[PDB]
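There are 2 protein chains.
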Amino acid sequence: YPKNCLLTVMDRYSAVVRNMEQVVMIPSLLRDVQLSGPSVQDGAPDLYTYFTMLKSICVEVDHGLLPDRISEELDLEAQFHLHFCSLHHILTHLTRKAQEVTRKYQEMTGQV
Amino acid sequence: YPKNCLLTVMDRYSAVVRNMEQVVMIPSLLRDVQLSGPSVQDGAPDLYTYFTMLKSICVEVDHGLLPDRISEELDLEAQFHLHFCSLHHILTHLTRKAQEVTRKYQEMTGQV
């Protein structure tokens, strides 16, 4: 498996996030650390929210995936989910269709 | 790894397509077999085109992914590619960001 492929990328991510969780011993220290890099009020998303998202995506990566504009940064979990789900749905659909092609050929050449 | 997860789905697909390729001994027999299930002229996409697409997606699944309206059926390769690439891009981005969170915590608590 090549170094630049999605699957290698998946467990590099999983390794980094697991390391992140070993290191971040007192996660409440991340509350109130701004995302912007120190317009953002009290009560908005911060570094702890982000840390949480990272962990949350990692939980899905680890389960093999079972179904200003830092506001784009937090849409990432939703986007990720959209992508991984539609991959799942495409391959599932195509797996069935490939079976139908195999059956059709067998039929055509009188194997059944 | 659970039976319904993307990764299990990936090599079920790969197994079915590899079986499809063993079975489809004379692929030119698929030319001129209509996709619609026997408005479609001569020169449009047929079962052989579809078979080709299936193989082509399988080549990407096997490389771990390195970067009427049957017309929707053929957009599937492009859609698949869009999805798998943006997954790759999200995890790569987030892998870097998780590293930055780890560094930040170490900094904050004076480990470096």
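Here the protein sequences come in this chain order: A and B.
For the first sequence, counting from 1, position 63 maps to 63 in the numbering used here; every step adds exactly one.
For the second sequence, counting from 1, position 73 maps to 1073 in the numbering used here; every step adds exactly one.
For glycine and all other residues, C-beta sits at the position ideal for the given N, C-alpha and C.
According to the Cβ coordinates, are A:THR109 and B:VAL1016 closer than 9 Å?
As a working mapping, residue 109 of chain A is identified with position 109 in the first sequence. As a working mapping, residue 1016 of chain B is identified with position 16 in the second sequence. No, Cβ-Cβ distance for A:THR109 and B:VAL1016 is not below 9 Å.
Using three-state DSSP, classify A:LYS3 as helix, strand or coil.
For this step, residue 3 of chain A is matched to residue 3 along the first sequence. Here A:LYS3 sits in coil by DSSP.
Which class does B:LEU1091 belong to by DSSP, given the choice of helix, strand or coil?
If you number the second sequence from 1, residue 1091 of chain B lands on position 91. Note: B:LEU1091 maps to helix in three-state DSSP.
What residue range does the alpha helix (DSSP H) around B:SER1056 cover?
Residue mapping note: residue 1056 of chain B aligns to position 56 of the second sequence, counting from 1. Start and end: 1047 to 1062.
Does the distance from the CB of A:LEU91 to the CB of B:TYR1013 come in under 9 Å?
Your numbering for residue 91 of chain A matches position 91 in the first sequence. Your numbering for residue 1013 of chain B matches position 13 in the second sequence. Contact flag set, yes.
CB of B:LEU1087 within 9 Å of CB of A:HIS83, strictly
Here residue 1087 of chain B refers to the residue found at position 87 of the second sequence. Here residue 83 of chain A refers to the residue found at position 83 of the first sequence. Cβ atoms of B:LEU1087 and A:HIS83: closer than 9 Å.
Quick one: does A:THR109 have its CB under 9 Å from some CB of chain B?
Your numbering for residue 109 of chain A matches position 109 in the first sequence. True, the Cβ-Cβ gap to chain B drops below 9 Å.
Would you please state the rounded distance, in angstroms, between the beta carbons of B:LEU1035 and B:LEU1047? I believe it to be under 8 Å.
Here residue 1035 of chain B is taken as the residue at index 35 of the second sequence, counted from 1. Here residue 1047 of chain B is taken as the residue at index 47 of the second sequence, counted from 1. That belief holds up - the Cβ atoms of B:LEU1035 and B:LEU1047 are roughly 6 Å apart, short of 8 Å.
Looking at the structure shown, is A:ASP11 part of a helix, part of a strand, or coil, going by DSSP?
Taking the first sequence and counting its residues from 1, the one referred to as residue 11 of chain A is at position 11. Helix, per DSSP.
Between the stretch 40 to 59 of chain A and chain B, which residues of the former have a C-beta closer than 8 Å to a C-beta of the latter?
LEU47, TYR50, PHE51, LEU54 and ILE57
Please list the partners that A:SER71 has in chain B, where partner means a Cβ-to-Cβ separation under 7 Å.
For the purposes of this step, residue 71 of chain A is taken as residue 71 along the first sequence, with counting starting at 1. Chain B residues near A:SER71: none, gap ~15 Å exceeds 7 Å.
Near B:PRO1002, what residues of its chain come up, given a Cβ to Cβ distance below 8 Å and the 5 sequence neighbours on each side ignored?
Residue numbering aside, residue 1002 of chain B sits at position 2 when the second sequence is read from its first letter. These residues qualify, in order along the chain: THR1008.
Local conformation of A:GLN106 per DSSP, three classes:
Numbered from its first residue, the first sequence carries residue 106 of chain A at position 106. Note: A:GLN106 maps to helix in three-state DSSP.
Please list, in chain order, the chain B residues whose beta carbon lies closer than 9 Å to that of A:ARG12.
Residue numbering aside, residue 12 of chain A sits at position 12 when the first sequence is read from its first letter. Simply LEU1091, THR1092 and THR1095.
Is B:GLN1034 close to chain A, meaning its C-beta is less than 9 Å from at least one C-beta of that chain?
As a first step, residue 1034 of chain B must be located in the second sequence, where it is residue number 34. By this cut-off, B:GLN1034 is not an interface position.
DSSP three-state assignment for B:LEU1035, whether helix, strand or coil:
Working through the second sequence from its first residue, we reach residue 1035 of chain B at position 35. B:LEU1035 falls in the coil class under three-state DSSP.
For B:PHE1051 and B:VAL1024, believed in contact at Cβ under 8 Å, the rounded distance:
For this step, residue 1024 of chain B is matched to residue 24 along the second sequence. For this step, residue 1051 of chain B is matched to residue 51 along the second sequence. Rounded, the Cβ-Cβ distance is 7 Å, consistent with contact.
Is the distance from the Cβ of A:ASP75 to the Cβ of A:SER39 below 9 Å?
Within the first sequence, numbered from 1, the residue matching residue 75 of chain A stands at position 75. Within the first sequence, numbered from 1, the residue matching residue 39 of chain A stands at position 39. No; because the gap between Cβ atoms is not below 9 Å, this pair is not in contact.
Where do the ends of the alpha helix (DSSP H) carrying B:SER1071 lie?
As a first step, residue 1071 of chain B is located in the second sequence; it is residue number 71 there, counting from the start. Per DSSP, B:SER1071 belongs to the alpha helix (DSSP H) from 1071 to 1074.
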